[PDB]
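Peer 1: Chains as they are written, first to last, in the entry's author numbering: chain LP, 152 to 251; chain Lz, 24 to 115; chain LJ, 30 to 66, 77 to 196; chain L6, 9 to 102; chain Ld, 35 to 154. Each residue gets a CB set at the ideal place from its N, CA and C atoms; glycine is no exception. After the structure tokens below, expect a handful of questions from me.
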RNA sequence: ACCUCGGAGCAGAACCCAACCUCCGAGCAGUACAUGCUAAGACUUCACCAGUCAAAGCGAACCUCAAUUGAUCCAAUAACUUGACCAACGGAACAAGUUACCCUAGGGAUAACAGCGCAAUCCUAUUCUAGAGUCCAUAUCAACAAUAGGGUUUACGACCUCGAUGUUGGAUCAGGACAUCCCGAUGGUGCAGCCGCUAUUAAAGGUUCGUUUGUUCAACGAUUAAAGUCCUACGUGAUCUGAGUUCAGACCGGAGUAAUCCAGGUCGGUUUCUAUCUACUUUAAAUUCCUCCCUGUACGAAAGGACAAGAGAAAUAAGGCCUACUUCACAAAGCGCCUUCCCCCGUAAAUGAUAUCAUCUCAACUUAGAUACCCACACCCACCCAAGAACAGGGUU
RNA sequence: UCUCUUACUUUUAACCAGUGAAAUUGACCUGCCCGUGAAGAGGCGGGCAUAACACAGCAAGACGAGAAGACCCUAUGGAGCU
RNA sequence: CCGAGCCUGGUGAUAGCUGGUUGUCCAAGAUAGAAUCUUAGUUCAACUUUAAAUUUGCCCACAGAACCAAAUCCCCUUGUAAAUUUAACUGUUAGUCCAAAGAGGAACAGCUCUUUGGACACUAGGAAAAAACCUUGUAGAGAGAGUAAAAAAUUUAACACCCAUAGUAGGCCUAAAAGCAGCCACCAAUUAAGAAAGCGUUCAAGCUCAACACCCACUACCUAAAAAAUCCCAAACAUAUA
RNA sequence: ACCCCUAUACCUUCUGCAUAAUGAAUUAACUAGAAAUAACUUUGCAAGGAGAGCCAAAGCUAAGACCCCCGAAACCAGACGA
Ligand SMILES: C[NH+](C)c1cc(NC(=O)CNC(C)(C)C)c(O)c2c1C[C@H]1C[C@H]3[C@H]([NH+](C)C)C(O)=C(C(N)=O)C(=O)[C@@]3(O)C(O)=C1C2=O
Ligand SMILES: [Mg+2]
Ligand SMILES: [Mg+2]
Ligand SMILES: [Mg+2]
Ligand SMILES: [Mg+2]
Ligand SMILES: [Mg+2]
Ligand SMILES: [Mg+2]
Ligand SMILES: [Mg+2]
Ligand SMILES: [Mg+2]
Ligand SMILES: [Mg+2]
Ligand SMILES: [Mg+2]
Ligand SMILES: [Mg+2]
Ligand SMILES: [Mg+2]
Ligand SMILES: [Mg+2]
Ligand SMILES: [Mg+2]
Ligand SMILES: [Mg+2]
Ligand SMILES: [Mg+2]
Ligand SMILES: [Mg+2]
Ligand SMILES: [Mg+2]
Ligand SMILES: [Mg+2]
Ligand SMILES: [Mg+2]
Ligand SMILES: [Mg+2]
Ligand SMILES: [Mg+2]
Ligand SMILES: [Mg+2]
Ligand SMILES: [Mg+2]
Ligand SMILES: [Mg+2]
Ligand SMILES: [Mg+2]
Ligand SMILES: [Mg+2]
Ligand SMILES: [Mg+2]
Ligand SMILES: [Mg+2]
Ligand SMILES: [Mg+2]
Ligand SMILES: [Mg+2]
Ligand SMILES: [Mg+2]
Ligand SMILES: [Mg+2]
Ligand SMILES: [Mg+2]
Ligand SMILES: [Mg+2]
Ligand SMILES: [Mg+2]
Ligand SMILES: [Mg+2]
Ligand SMILES: [Mg+2]
Ligand SMILES: [Mg+2]
């Protein structure tokens, strides 16, 4: 089964809190063939708002999306046509959460 | 010091359009000016060609702009000439 | 090599330079904002009960006193009609400060306990104190007068 | 002790290269030059309907000059003078 | 596959902070481009090489005047990564016939019509 | 296995686009009998050949289908017309095997050996904690899975070499790595002791002889402290062998009409080189086993049974010498004799802050923790020598 | 034969004298380690070493010499046999 | 040198195969494919060269190109100067890496196969040496000058103290299963303790946590390896104004 | 003169050779591009041209300028050899 970055692998609910699932869910996610993490609703929304906050308060004048979409320095000769939509956060099957 | 020369406006290469590169190298002892140098003659010819190209492009774009203005005036006058040569009758 | 590999593929050097240029720069604060500048109501009404009621107050140190010894000492003091209160210092000390027993304030520090009554039966409180020798009888007050243990023994005899 | 398998800069296993400060500064300089190019291209003078025919005469006359040269390609003249000056190779004193 | 690049009108819409960063009046635009090639056409596509040849920028660091018209702008938009574009400023106006032999372009992009080689 | 033609994907949107790439088909059928003639303009399978559409006009009337096919010559026929699974489908009119008895021109454009690339396969370490271990994940073993490393196997690629890079094992000499078989040090144990298991550190030193087999391997006999894993062009054939393997002879079984062949067995079968260049040709600290006593002590219910300290006796290795023995004899040798000396780091403790306890400390801090050899130097014609290829060296009183 | 090799004689050898070849040879003022590279470097990169020149010996390297590979493939190249 | 002797002649046999091919200087000049007893070759096309004739050739504005992503086709301006046709032929038609979209293989290969685009098979500088990465191209002399690309950064694990009686060996099941084998419920006293979160017991018994008090205050950086074979490999240096 | 700095012999072959791929000790001599159909250029004459034949809706006649070397195993004929 193909699995892409940012896809929930399994979902859990019930009369419990995060840490209780977080133990064995981290145990399973470490053993997965890709990078994986145990998230909650609040944790997932926290990561998304942190990512948009980092994109907003980035002090670098130059960004991968701006350079790629404007074809600055003729960089699309070494880039991929899918990098225009990945915006430098993806490299093959790998996702880099530290890129903005 | 190319960046500093650019900031002062004195090119970047000190051999570019300075008095140091454009003044005559020598003259006769009694005071007669030397015949002009080959590089300076070539630079003056290139600058004359550059200035003539500037003049040609400027006046060509200006002439095109006034030509477009005149075409717009002709279009508006043919639009505004909308007098009915005959007067309406019948149900009026 | 394919576009997707099991290993992190080596990038073209211009793309690597592009990433190293377009890395994220966090905002830098200027003068470092680190370097820049319940139970209380219930505990209050119960202490109101035991201070405007309950004339005789004795404050002792809450010695460890294993649980069977707690219950038996409590039950002797209860056959002889005084009570053991345990009320915490964090709600008791400011109550003294705004309720005038500030001379009794500097004694409620550390482990503390209250032997409290409406009948002044100091004789067994002190003979239970001699039965258990490691019990100080820190202080307290009789008829709204602050007394030390010498005053308690004088009032007893 | 440390060998890169095969050739250094090609293949599955390459010798790693890392970005230097001066290379980053060079790229930043070129990026600034291009942002300024973006601005000066972002402001135009005329529009397409205004420029529709403003240089047709000059382009036509330049192409007519090119046609005139390409048509005027043709062999050159020959001279009695040149042949009789080749006669001069036996010009002795006396 | 590597193809030509379509460049957004969004990056070619200017902004006010861009105007005061590079001081230039949106109304009354500048009339002529000073274009100067500052990068080789080697290791570049053939269409970019051809457009460099069309614009006349074969020799590097040799400035050239061009019209600030949309067609020339489209060519410079294709080849914008190999060139530097400046506005041609005329402090004392367009050259005339009597001052055409005493011109200089200068590094500031100001075509002066009178050139003395004398101190101010 | 395929060879020609067509449809779909790869090849998403003008055209085109390969793979011994993924699927589906074709070598016709049915209707008509103007399915007659002729003629602008076009398309075109990337050439040509071939193929495709068609206005108008004459004459009548009032084709479906995707591929559904074959050139020239020649043959048949009065003529019109018609002839190949020419399917190797741009088709030679008509021709098979075998060669180790082989030959020639070449090819590292192309295989076998070796190197190189890669790590599917192989090997190791760690993470996770199911499970086993009376209980107990973590003394020990370990599923599913994850992360990383190695380049010893079997492969895969065809990058140097086919105007030669000689080959399997064995002899000889070994260089190196440590992922340690033994000897050294230490931690844990389901470690009472002896024995063990597991982990850390350690590459100075060592790691046997035989029967069968060409064997590497493997089985077995006898030991030993141990009988390590690998790399070195599967180290080493201008140092050797040629038992095996793939030249020419022959036999057996099988295959084939036969020639002949078998990734089957068996008997036999030429191993050249006078060293030009690089490199090198005397760098003195040794390990191990056994015996005694400690001691039948510690330990242990008993059975069993140490570690330190010390003494002796050997063996090997290195260096050397002939007194005797022995080969022998103004001498060279071993089978004989003499000598052989430092540590090594894993960890265990004390004081003591960050963190007024404690804490062995990438806190400051404390403890466990070499000498020898050589060394002078135009007597030299010549002679002798325990010195020596020549040269050199020692003696000549 | 070997454990396990030793001693002696002859030839060879080395030196002196006379005579005097052959294969080989792009030019060489011809070192070591690691890396690189047509993927195994005396000659390239980084480091190390380094007065010059004979004579004897060795065979690890010069992918050493010899023989336009004796195995494999190719050629609309041959030949022998059935 | 007998799988068919030797010599002479046909014979200068033939060779899609190897080797070789001799003065100076300049200029243009790099590989879509189809057939083929063909893939070691050749013919046509394609590219290339020369000489002529003519007029448009590249870049492209809007509108236009089908139902079941990057882009392209077409294309007036515009910037430029090439293009088509005619005549005459040779030679290339055994291809490598890099970026991108894919296919095969192991989402192996300096692997194989297509496409788009670079570079190499031509110069120079850089990444250590260096084909294919980056910078740069049009040629000479100079003991002038401004620049291009262009030098890797990182160093990780301290975590509390004190305290604990009891309705009850809650009920059922079981020999007992007592908070802790499995089930229902989960109340309730002390100031404050779960009909018990881990251990631990055949079951019991025991000891930790959550709870009182106590008090400065939970102090809380949320992170993580190592191996191979001749000999580690520039020397080094934290602090003088881009 | 060396010492300093820079500099990976040549040819052939090939995608690519310092390559450890080929050839070469060195010198002297010898040793390898032959031609038609057409075209192009320059003359002569011109509805004709060429010293019969041939070509001709500007052609005809004349000239110039364009196509290598070595090498097999083989096949056949006639001799000579026990
Ligand atoms: C060395 N021997 C075992 C041999 C081996 C092979 N085969 C190999 O190359 C096999 N080598 C491998 C194992 C594949 C690496 C061989 O192929 C040969 C030979 C021998 C030669 C002998 C030749 C001989 N001459 C040239 C010395 C000769 O005169 C005769 C003769 N009888 O007249 C030959 O037969 C001879 O030419 C020959 O045939 C040999 C080989 O072919
Ligand atoms: Mg390499
Ligand atoms: Mg066609
Ligand atoms: Mg019709
Ligand atoms: Mg065929
Ligand atoms: Mg065919
Ligand atoms: Mg045989
Ligand atoms: Mg041969
Ligand atoms: Mg191999
Ligand atoms: Mg278990
Ligand atoms: Mg290949
Ligand atoms: Mg070979
Ligand atoms: Mg050779
Ligand atoms: Mg170790
Ligand atoms: Mg070997
Ligand atoms: Mg050898
Ligand atoms: Mg043979
Ligand atoms: Mg025999
Ligand atoms: Mg030999
Ligand atoms: Mg040498
Ligand atoms: Mg002699
Ligand atoms: Mg090279
Ligand atoms: Mg090497
Ligand atoms: Mg060499
Ligand atoms: Mg010698
Ligand atoms: Mg050889
Ligand atoms: Mg050969
Ligand atoms: Mg053929
Ligand atoms: Mg044949
Ligand atoms: Mg023949
Ligand atoms: Mg020939
Ligand atoms: Mg040229
Ligand atoms: Mg063919
Ligand atoms: Mg061929
Ligand atoms: Mg390849
Ligand atoms: Mg090759
Ligand atoms: Mg060779
Ligand atoms: Mg060579
Ligand atoms: Mg060859
Ligand atoms: Mg006879």
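Grouping DSSP H, G and I as helix and E and B as strand, with all else coil, what is residue 55 (chain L6)?
Peer 2: Three-state DSSP puts residue 55 (chain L6) in coil, outside helix and strand.
Peer 1: What residues come near ligand 2, if near means a beta carbon less than 6 angstroms from any of its heavy atoms?
Peer 2: For ligand 2, the selected residues are 14 (chain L6) and 15 (chain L6).
Peer 1: Are at least three pairs of beta-carbons, each pair with one atom in the region 175 to 194 of chain LJ and one in the region 126 to 134 of chain LJ, less than 8 angstroms apart?
Peer 2: Verdict: no, contact absent.
Peer 1: Is residue 245 (chain LP) helix, strand or coil when you go by DSSP?
Peer 2: Three-state result, residue 245 (chain LP): strand.
Peer 1: Cα-Cα, which of 49 (chain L6), 93 (chain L6) and 31 (chain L6) is closest to residue 53 (chain Ld)?
Peer 2: Checked all of 49 (chain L6), 93 (chain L6) and 31 (chain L6); the closest Cα to residue 53 (chain Ld) is 49 (chain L6).
Peer 1: What is the DSSP secondary structure of residue 91 (chain LJ), reduced to helix, strand or coil?
Peer 2: Of the three classes helix, strand and coil, the one that applies to residue 91 (chain LJ) here is helix, per DSSP.
Peer 1: List the residues of chain LJ that residue 239 (chain LP) touches, going by C-beta distances under 7 angstroms, in chain order.
Peer 2: Neighbours of residue 239 (chain LP) on chain LJ, chain order: 48 and 51.
Peer 1: Helix, strand or coil for residue 81 (chain Lz), going by three-state DSSP, please let me know.
Peer 2: Helix at residue 81 (chain Lz).
Peer 1: Using a Cβ distance threshold of 8 angstroms, determine whether the region 95 to 111 of chain LJ contacts the region 158 to 178 of chain LJ, with at least three qualifying pairs required.
Peer 2: The region 95 to 111 of chain LJ is in contact with the region 158 to 178 of chain LJ.
Peer 1: Check residue 185 (chain LJ) in the structure and name its three-state DSSP category.
Peer 2: Residue 185 (chain LJ): strand per DSSP, three-state reduction.
Peer 1: What residues from the region 98 to 126 of chain Ld come within 8 angstroms of chain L6, judged by C-beta to C-beta, listed N to C?
Peer 2: If the cut-off is 8 angstroms between Cβ atoms, the region 98 to 126 of chain Ld has 101, 102, 103, 104, 105, 107, 110, 111, 114, 115, 117, 118, 119, 120 and 121 near chain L6.
Peer 1: Determine the closest residue to residue 124 (chain LJ) out of 155 (chain LJ), 40 (chain LJ), 64 (chain LJ) and 150 (chain LJ), with distance taken between C-alpha atoms.
Peer 2: When each option's Cα is compared against that of residue 124 (chain LJ), the closest is 155 (chain LJ).
Peer 1: So, helix, strand or coil for residue 168 (chain LP), using DSSP?
Peer 2: Three-state DSSP puts residue 168 (chain LP) in coil, outside helix and strand.
Peer 1: On the CB-based measure, 16 or more other CB atoms within 10 Å of its CB, does residue 175 (chain LP) come out buried or exposed?
Peer 2: Classification for residue 175 (chain LP): exposed.
Peer 1: Taking a Cβ distance cut-off of 7 angstroms, strictly less, list which residues of the region 182 to 212 of chain LP are near chain Ld, in chain order.
Peer 2: Listed by position, the residues of the region 182 to 212 of chain LP near chain Ld (Cβ gap below 7 angstroms) amount to none.
Peer 1: Please list, in chain order, all residues of the same chain as residue 66 (chain Ld) whose beta carbon is under 8 angstroms from its beta carbon, the five residues on each side excluded.
Peer 2: Cβ neighbours of residue 66 (chain Ld) beyond the five flanking positions: 99, 100, 101, 102, 121 and 122.
Peer 1: Nearest-angstrom Cα distance between residue 44 (chain Ld) and residue 53 (chain LJ)?
Peer 2: In a straight line, the C-alpha of residue 44 (chain Ld) is about 23 angstroms away from that of residue 53 (chain LJ).
Peer 1: For residue 148 (chain LJ), count neighbouring Cβ atoms within 10 angstroms of its own Cβ and tell me buried if that reaches 16, exposed if not.
Peer 2: Exposed, by the Cβ-count rule.
Peer 1: In terms of residue numbering, what span does the alpha helix (DSSP H) encompassing residue 50 (chain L6) cover?
Peer 2: Per DSSP, residue 50 (chain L6) belongs to the alpha helix (DSSP H) from 29 to 50.
Peer 1: Report the three-state DSSP secondary structure of residue 174 (chain LP) (helix, strand or coil).
Peer 2: Looking at residue 174 (chain LP) - three-state DSSP - the assignment turns out to be helix.
Peer 1: How about residue 59 (chain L6) and residue 104 (chain Ld): are their beta carbons less than 8 angstroms apart?
Peer 2: In this structure, residue 104 (chain Ld) lies closer than 8 angstroms to residue 59 (chain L6) by Cβ.
Peer 1: Which ranges would you report for the alpha helix (DSSP H) in the region 63 to 133 of chain Ld if only whole runs of at least 4 residues count?
Peer 2: Whole alpha helix (DSSP H) segments, 4+ residues: 80 to 89 and 104 to 112.
Peer 1: Nearest to residue 76 (chain Ld) by alpha carbon, out of 68 (chain Ld), 63 (chain Ld) and 92 (chain Ld)?
Peer 2: If we check each option's Cα against that of residue 76 (chain Ld), 92 (chain Ld) comes out closest.
Peer 1: Tell me the rounded alpha-carbon separation between residue 86 (chain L6) and residue 95 (chain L6).
Peer 2: The straight-line gap from Cα to Cα measures roughly 15 angstroms.
Peer 1: Report yes if the CB atom of residue 78 (chain Ld) is closer than 8 angstroms to the CB atom of residue 225 (chain LP), and no otherwise.
Peer 2: Yes, these two residues count as a Cβ contact at 8 angstroms.
Peer 1: In this structure, what does DSSP give as the bridge partners for residue 179 (chain LJ)?
Peer 2: Beta-bridge pairing links residue 179 (chain LJ) to 97 (chain LJ).
Peer 1: Starting from the N-terminal side, write out each stretch of the beta strand (DSSP E) that is 3 residues or longer and does not extend beyond the region 118 to 158 of chain LJ.
Peer 2: With a minimum length of 3 residues, the continuous beta strand (DSSP E) runs that stay inside the region 118 to 158 of chain LJ are 122 to 124 and 152 to 156.
Peer 1: Our contact map puts residue 187 (chain LP) next to residue 161 (chain LP) with C-beta atoms below 8 angstroms; I'd like the distance itself, whole angstroms only.
Peer 2: That belief does not hold up - the Cβ atoms of residue 187 (chain LP) and residue 161 (chain LP) are roughly 10 angstroms apart, past 8 angstroms.
Peer 1: With residue 25 (chain Lz) as the anchor, note down where its alpha helix (DSSP H) starts and where it stops.
Peer 2: Where residue 25 (chain Lz) is concerned, the enclosing alpha helix (DSSP H) stretches over 25 to 31.
Peer 1: To which residues of the same chain is residue 172 (chain LP) closer than 6 angstroms at the C-beta, ignoring the five residues directly before and after it?
Peer 2: Taken in chain order, the residues that qualify are 163.
Peer 1: Hey, would you say residue 218 (chain LP) sits closer than 8 angstroms to residue 51 (chain LJ), going by beta carbons?
Peer 2: Result yes, Cβ atoms of residue 218 (chain LP) and residue 51 (chain LJ) sit closer than 8 angstroms.
Peer 1: Just how far apart, CA to CA, sit residue 121 (chain LJ) and residue 153 (chain LJ)?
Peer 2: If you take the alpha carbons of residue 121 (chain LJ) and residue 153 (chain LJ), they lie about 10 angstroms apart.
Peer 1: Which residues in chain LP sit within 8 angstroms of residue 37 (chain LJ), going by Cβ to Cβ distance?
Peer 2: In chain order: 242, 243 and 245.
Peer 1: Using a Cβ-Cβ cut-off of less than 8 angstroms, give me the residues of the region 79 to 91 of chain Lz that come near chain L6, in sequence order.
Peer 2: Cβ contacts with chain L6 come from 83, 84, 86, 87, 88, 90 and 91.
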